[PDB]
Amino acid sequence: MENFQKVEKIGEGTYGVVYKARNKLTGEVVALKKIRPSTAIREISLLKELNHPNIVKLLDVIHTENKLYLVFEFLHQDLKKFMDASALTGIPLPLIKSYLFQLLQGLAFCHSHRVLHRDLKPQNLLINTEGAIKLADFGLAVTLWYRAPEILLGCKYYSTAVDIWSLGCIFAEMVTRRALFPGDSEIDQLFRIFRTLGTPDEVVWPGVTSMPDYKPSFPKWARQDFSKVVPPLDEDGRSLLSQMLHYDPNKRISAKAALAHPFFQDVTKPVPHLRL
Ligand SMILES: O=C(Nc1ccccn1)Nc1cccc2c1[C@H]1CCCN1C2=O
């Protein structure tokens, strides 16, 4: 817009390109989201008031000249770049455990407001030098990787639980430095989950066979041992991970319950080792 000097493009994806920009008035740097509807305008205002230490703050909404710009606070790194820069040693467990606990606090704040992220992933998870992690790119709702099985099976009325699955997958990625379910299409994605967690059924998931895209012809696979899936996560973590990865949306753990899981009895807030 005619108020922001665009320093550089930092993102793209579905709704729009995002930029590092400085407000010519104040001087402050921010993230400008160029989108691309009364309903959308009204929903966006809901988010303006949605405020929490772990949710990336939405500063201003500029619907002008029939265009939509969203102005957010800026953070220097996303989790994806940080995980890439730590591929060799991996992220320390206390750092991981701190980030999962903050991500859970945010998701627990959003959910009690009936707001879902729906597209959680490393790239829209932002971190600062002060050891804080924040949820970005939401309230708005190309990889299939962190997509919950109910969405892949045609369910239209998603639960907050789709988020918990995505987070679960992210958790397993930080620990193993390797993506859990790196499928490259809706069906390849579905078959990888089936291969690790076994093909679901009426016992493990009552109702699954009456889902839109369920096909009786799905090959039958056995569940693998979580010990082979997420080494070296201790029993407390593997426990929490399996409750976040439950096929049934209804049996999947909520962010509030996960907050009291014994895996966070010893949480702390170490500061990352980032290079900007
Ligand atoms: O603050 C940000 N910094 C940053 C730096 C490098 C890479 C990504 N982000 N980013 C930021 C802030 C608010 C909203 C968004 C973003 C980016 C991340 C991906 C999609 N984007 C958004 O929708």
# chains A, B, ... in the order shown; residues from 1 in each chain; ligands from 1
call {"tool": "select_by_dssp", "arguments": {"residues": "stretch 22-191 of chain A", "states": "strand (DSSP E or B)", "output": "number ranges by chain"}}
result
A: 22-23, 29-34, 55, 58-64, 67-73, 77-78, 125-127, 133-135
call {"tool": "write_last_selection", "arguments": {"atoms": "C-alpha atoms", "output": "PDB file, in the first residue's frame"}}
result
ATOM      1  CA  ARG A  22       8.121  -0.785   7.252  1.00  0.00           C
ATOM      2  CA  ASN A  23       5.253   1.538   8.091  1.00  0.00           C
ATOM      3  CA  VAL A  29       8.694  -3.138  10.492  1.00  0.00           C
ATOM      4  CA  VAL A  30       5.768  -5.510  10.059  1.00  0.00           C
ATOM      5  CA  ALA A  31       4.573  -8.383   7.929  1.00  0.00           C
ATOM      6  CA  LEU A  32       2.184  -7.286   5.152  1.00  0.00           C
ATOM      7  CA  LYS A  33      -0.194  -9.975   3.953  1.00  0.00           C
ATOM      8  CA  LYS A  34      -1.697  -9.190   0.566  1.00  0.00           C
ATOM      9  CA  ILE A  55      -0.666 -16.192  18.544  1.00  0.00           C
ATOM     10  CA  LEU A  58      -2.865  -8.938  13.812  1.00  0.00           C
ATOM     11  CA  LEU A  59      -2.118  -5.204  13.956  1.00  0.00           C
ATOM     12  CA  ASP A  60      -4.301  -3.644  11.242  1.00  0.00           C
ATOM     13  CA  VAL A  61      -6.764  -4.627   8.480  1.00  0.00           C
ATOM     14  CA  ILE A  62      -6.697  -2.479   5.348  1.00  0.00           C
ATOM     15  CA  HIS A  63      -9.596  -3.083   2.998  1.00  0.00           C
ATOM     16  CA  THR A  64      -8.922  -0.332   0.488  1.00  0.00           C
ATOM     17  CA  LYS A  67      -8.133  -4.973  -1.830  1.00  0.00           C
ATOM     18  CA  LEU A  68      -7.175  -6.718   1.404  1.00  0.00           C
ATOM     19  CA  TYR A  69      -3.948  -6.184   3.275  1.00  0.00           C
ATOM     20  CA  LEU A  70      -3.378  -7.704   6.689  1.00  0.00           C
ATOM     21  CA  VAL A  71      -0.724  -6.155   8.858  1.00  0.00           C
ATOM     22  CA  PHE A  72       0.885  -8.429  11.417  1.00  0.00           C
ATOM     23  CA  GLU A  73       3.795  -8.124  13.870  1.00  0.00           C
ATOM     24  CA  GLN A  77      12.468 -16.953  11.778  1.00  0.00           C
ATOM     25  CA  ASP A  78       9.952 -19.669  11.105  1.00  0.00           C
ATOM     26  CA  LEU A 125       5.245 -21.401  13.103  1.00  0.00           C
ATOM     27  CA  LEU A 126       7.358 -18.318  14.054  1.00  0.00           C
ATOM     28  CA  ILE A 127      10.088 -17.844  16.632  1.00  0.00           C
ATOM     29  CA  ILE A 133       7.124 -19.443  19.473  1.00  0.00           C
ATOM     30  CA  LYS A 134       3.945 -18.156  17.775  1.00  0.00           C
ATOM     31  CA  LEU A 135       1.084 -19.469  15.602  1.00  0.00           C
TER      32      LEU A 135
END
call {"tool": "residues_around", "arguments": {"residues": "stretch 265-270 of chain A", "least_positions_apart": "5", "cutoff": "7 Å", "atoms": "only C-alpha atoms", "output": "PyMOL selection string"}}
result
chain A and resi 94-95+97-98+131
call {"tool": "residues_near_ligand", "arguments": {"ligand": "ligand 1", "cutoff": "6 Å", "atoms": "only C-alpha atoms and all ligand atoms", "output": "list in words"}}
result
residues 10, 11, 18, 31, 72, 74, 75, 76, 77, 78, 123, 124, 136 and 137 of chain A
call {"tool": "write_last_selection", "arguments": {"atoms": "N, CA and C atoms", "output": "mmCIF file, in the first residue's frame"}}
result
data_model
loop_
_atom_site.group_PDB
_atom_site.id
_atom_site.type_symbol
_atom_site.label_atom_id
_atom_site.label_comp_id
_atom_site.auth_asym_id
_atom_site.auth_seq_id
_atom_site.Cartn_x
_atom_site.Cartn_y
_atom_site.Cartn_z
ATOM 1 N N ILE A 10 8.692 -12.557 2.115
ATOM 2 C CA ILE A 10 9.053 -13.605 3.047
ATOM 3 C C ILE A 10 8.158 -14.827 2.913
ATOM 4 N N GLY A 11 7.014 -14.671 2.276
ATOM 5 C CA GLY A 11 6.151 -15.820 2.170
ATOM 6 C C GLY A 11 5.136 -15.729 1.080
ATOM 7 N N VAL A 18 3.376 -12.739 1.548
ATOM 8 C CA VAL A 18 3.611 -11.957 2.753
ATOM 9 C C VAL A 18 4.940 -11.217 2.578
ATOM 10 N N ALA A 31 4.751 -7.403 8.988
ATOM 11 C CA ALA A 31 4.573 -8.383 7.929
ATOM 12 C C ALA A 31 3.282 -7.992 7.216
ATOM 13 N N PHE A 72 0.540 -7.671 10.216
ATOM 14 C CA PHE A 72 0.885 -8.429 11.417
ATOM 15 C C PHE A 72 2.225 -7.958 12.018
ATOM 16 N N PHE A 74 6.020 -8.623 13.034
ATOM 17 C CA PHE A 74 7.035 -9.420 12.350
ATOM 18 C C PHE A 74 7.954 -10.173 13.308
ATOM 19 N N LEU A 75 8.344 -11.378 12.889
ATOM 20 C CA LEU A 75 9.252 -12.256 13.627
ATOM 21 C C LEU A 75 10.292 -12.666 12.601
ATOM 22 N N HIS A 76 11.539 -12.862 13.022
ATOM 23 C CA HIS A 76 12.606 -13.177 12.069
ATOM 24 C C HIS A 76 12.762 -14.580 11.532
ATOM 25 N N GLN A 77 12.340 -15.588 12.281
ATOM 26 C CA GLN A 77 12.468 -16.953 11.778
ATOM 27 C C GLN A 77 11.225 -17.783 11.949
ATOM 28 N N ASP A 78 11.034 -18.712 11.018
ATOM 29 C CA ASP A 78 9.952 -19.669 11.105
ATOM 30 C C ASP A 78 10.626 -20.932 11.683
ATOM 31 N N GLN A 123 6.444 -24.094 8.533
ATOM 32 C CA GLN A 123 6.577 -22.799 7.876
ATOM 33 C C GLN A 123 5.740 -21.642 8.414
ATOM 34 N N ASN A 124 4.626 -21.921 9.087
ATOM 35 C CA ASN A 124 3.851 -20.823 9.649
ATOM 36 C C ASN A 124 3.949 -20.752 11.162
ATOM 37 N N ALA A 136 1.048 -18.656 13.309
ATOM 38 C CA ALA A 136 0.772 -17.686 12.263
ATOM 39 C C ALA A 136 0.032 -18.350 11.120
ATOM 40 N N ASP A 137 -0.588 -17.533 10.268
ATOM 41 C CA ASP A 137 -1.301 -18.001 9.077
ATOM 42 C C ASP A 137 -2.623 -18.679 9.382
#
call {"tool": "residues_around", "arguments": {"residues": "residue A:108", "least_positions_apart": "5", "cutoff": "8 Å", "atoms": "only C-alpha atoms", "output": "mmCIF file with N, CA and C atoms, in the first residue's frame"}}
result
data_model
loop_
_atom_site.group_PDB
_atom_site.id
_atom_site.type_symbol
_atom_site.label_atom_id
_atom_site.label_comp_id
_atom_site.auth_asym_id
_atom_site.auth_seq_id
_atom_site.Cartn_x
_atom_site.Cartn_y
_atom_site.Cartn_z
ATOM 1 N N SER A 254 -7.055 -33.220 23.664
ATOM 2 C CA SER A 254 -7.264 -31.806 23.482
ATOM 3 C C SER A 254 -5.997 -31.049 23.930
ATOM 4 N N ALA A 255 -5.874 -29.786 23.518
ATOM 5 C CA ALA A 255 -4.733 -28.973 23.892
ATOM 6 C C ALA A 255 -4.720 -28.706 25.393
ATOM 7 N N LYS A 256 -5.895 -28.541 25.990
ATOM 8 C CA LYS A 256 -6.002 -28.300 27.431
ATOM 9 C C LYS A 256 -5.538 -29.525 28.221
#
call {"tool": "residues_around", "arguments": {"residues": "residue A:210", "least_positions_apart": "2", "cutoff": "12 Å", "atoms": "only C-alpha atoms", "output": "PDB file with N, CA and C atoms, in the first residue's frame"}}
result
ATOM      1  N   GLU A 150      -9.069 -37.658   9.002  1.00  0.00           N
ATOM      2  CA  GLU A 150     -10.473 -37.350   8.750  1.00  0.00           C
ATOM      3  C   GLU A 150     -10.662 -36.362   7.583  1.00  0.00           C
ATOM      4  N   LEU A 153     -10.203 -38.235   4.367  1.00  0.00           N
ATOM      5  CA  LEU A 153     -11.292 -39.168   4.115  1.00  0.00           C
ATOM      6  C   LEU A 153     -12.622 -38.487   3.744  1.00  0.00           C
ATOM      7  N   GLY A 154     -12.576 -37.173   3.545  1.00  0.00           N
ATOM      8  CA  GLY A 154     -13.767 -36.457   3.132  1.00  0.00           C
ATOM      9  C   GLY A 154     -14.629 -35.788   4.173  1.00  0.00           C
ATOM     10  N   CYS A 155     -14.238 -35.846   5.435  1.00  0.00           N
ATOM     11  CA  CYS A 155     -15.032 -35.194   6.461  1.00  0.00           C
ATOM     12  C   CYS A 155     -15.030 -33.674   6.175  1.00  0.00           C
ATOM     13  N   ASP A 201     -10.184 -49.038  11.388  1.00  0.00           N
ATOM     14  CA  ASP A 201     -11.382 -49.856  11.271  1.00  0.00           C
ATOM     15  C   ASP A 201     -12.402 -49.452  12.308  1.00  0.00           C
ATOM     16  N   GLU A 202     -13.588 -50.057  12.251  1.00  0.00           N
ATOM     17  CA  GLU A 202     -14.666 -49.760  13.193  1.00  0.00           C
ATOM     18  C   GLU A 202     -14.315 -49.901  14.664  1.00  0.00           C
ATOM     19  N   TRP A 205     -11.735 -46.903  15.184  1.00  0.00           N
ATOM     20  CA  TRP A 205     -12.407 -45.689  14.743  1.00  0.00           C
ATOM     21  C   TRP A 205     -13.860 -45.977  14.300  1.00  0.00           C
ATOM     22  N   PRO A 206     -14.804 -46.008  15.248  1.00  0.00           N
ATOM     23  CA  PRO A 206     -16.197 -46.266  14.865  1.00  0.00           C
ATOM     24  C   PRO A 206     -16.797 -45.184  13.972  1.00  0.00           C
ATOM     25  N   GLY A 207     -17.091 -45.557  12.733  1.00  0.00           N
ATOM     26  CA  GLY A 207     -17.677 -44.633  11.788  1.00  0.00           C
ATOM     27  C   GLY A 207     -16.826 -44.449  10.557  1.00  0.00           C
ATOM     28  N   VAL A 208     -15.561 -44.822  10.677  1.00  0.00           N
ATOM     29  CA  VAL A 208     -14.609 -44.653   9.594  1.00  0.00           C
ATOM     30  C   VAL A 208     -15.039 -45.200   8.244  1.00  0.00           C
ATOM     31  N   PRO A 212     -16.855 -40.344   3.566  1.00  0.00           N
ATOM     32  CA  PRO A 212     -16.932 -40.079   2.128  1.00  0.00           C
ATOM     33  C   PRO A 212     -15.952 -40.836   1.229  1.00  0.00           C
ATOM     34  N   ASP A 213     -14.663 -40.671   1.466  1.00  0.00           N
ATOM     35  CA  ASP A 213     -13.685 -41.305   0.608  1.00  0.00           C
ATOM     36  C   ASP A 213     -13.171 -42.630   1.043  1.00  0.00           C
ATOM     37  N   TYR A 214     -13.807 -43.229   2.034  1.00  0.00           N
ATOM     38  CA  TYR A 214     -13.365 -44.542   2.459  1.00  0.00           C
ATOM     39  C   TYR A 214     -13.711 -45.583   1.399  1.00  0.00           C
ATOM     40  N   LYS A 215     -12.775 -46.473   1.132  1.00  0.00           N
ATOM     41  CA  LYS A 215     -12.999 -47.502   0.161  1.00  0.00           C
ATOM     42  C   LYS A 215     -12.646 -48.822   0.791  1.00  0.00           C
ATOM     43  N   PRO A 216     -13.556 -49.799   0.697  1.00  0.00           N
ATOM     44  CA  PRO A 216     -13.334 -51.128   1.267  1.00  0.00           C
ATOM     45  C   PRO A 216     -12.084 -51.780   0.707  1.00  0.00           C
TER      46      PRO A 216
END
call {"tool": "residues_around", "arguments": {"residues": "residue A:8", "least_positions_apart": "4", "cutoff": "9 Å", "atoms": "only C-alpha atoms", "output": "JSON, numbers by chain"}}
result
{"A": [18, 19, 20, 21]}
call {"tool": "write_last_selection", "arguments": {"atoms": "N, CA and C atoms", "output": "JSON list (two decimals), in the first residue's frame"}}
result
[["chain", "number", "residue", "atom", "x", "y", "z"],
["A", 18, "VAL", "N", 3.38, -12.74, 1.55],
["A", 18, "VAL", "CA", 3.61, -11.96, 2.75],
["A", 18, "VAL", "C", 4.94, -11.22, 2.58],
["A", 19, "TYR", "N", 5.02, -10.02, 3.15],
["A", 19, "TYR", "CA", 6.23, -9.19, 3.04],
["A", 19, "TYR", "C", 6.70, -8.61, 4.33],
["A", 20, "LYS", "N", 8.01, -8.43, 4.40],
["A", 20, "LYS", "CA", 8.65, -7.71, 5.49],
["A", 20, "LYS", "C", 8.50, -6.27, 4.95],
["A", 21, "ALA", "N", 7.92, -5.41, 5.77],
["A", 21, "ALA", "CA", 7.70, -4.04, 5.38],
["A", 21, "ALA", "C", 7.76, -3.06, 6.53]]
call {"tool": "select_by_dssp", "arguments": {"residues": "stretch 174-260 of chain A", "states": "helix (DSSP H, G or I)", "output": "JSON, numbers by chain"}}
result
{"A": [174, 175, 176, 186, 187, 188, 189, 190, 191, 192, 193, 194, 195, 196, 197, 208, 209, 210, 226, 227, 228, 229, 235, 236, 237, 238, 239, 240, 241, 242, 243, 244, 255, 256, 257, 258, 259]}
call {"tool": "atom_distance", "arguments": {"atom1": "atom CA of residue A:252", "atom2": "atom CA of residue A:158"}}
result
12.9 Å
